[PDB]
């Protein structure tokens, strides 16, 4: 799985340990081993949410399966919880685009996951 968070929160406001916490919690949420979880945080971004510049986040979660209505609600509760607790972003200023990737459409290690 691959999780990306783009935010206007400054780099100094991203706590130590955050990439590991994301890795750990996404391994548990997705059921996939942490060795397969990739995380990316992009602070200090020029962005607006609903016409204003209070803390916000625009995010992506890609997974080969483990994507669906109930699962995505669960992911959103987890991820908005983490962004609120750790980056002080209001859950109503977070968007997460979920993608169910076909194994043949994910490259890794000179091949794909097909």
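Positions refer to the first chain, counted from 1.
- Taking the mean C-alpha B-factor of each stretch as recorded, 26-34 and 40-48 are not equal, and the higher mean is that of 26-34.
- Comparing 9-17 with 93-101, the higher mean C-alpha B-factor in the PDB entry belongs to 9-17.
- The PDB entry assigns residue 60 a C-alpha temperature factor belonging to the lowest third of its chain's modelled residues.
- Residue 72: CA B factor lies in the lowest third for its chain, per the PDB record.
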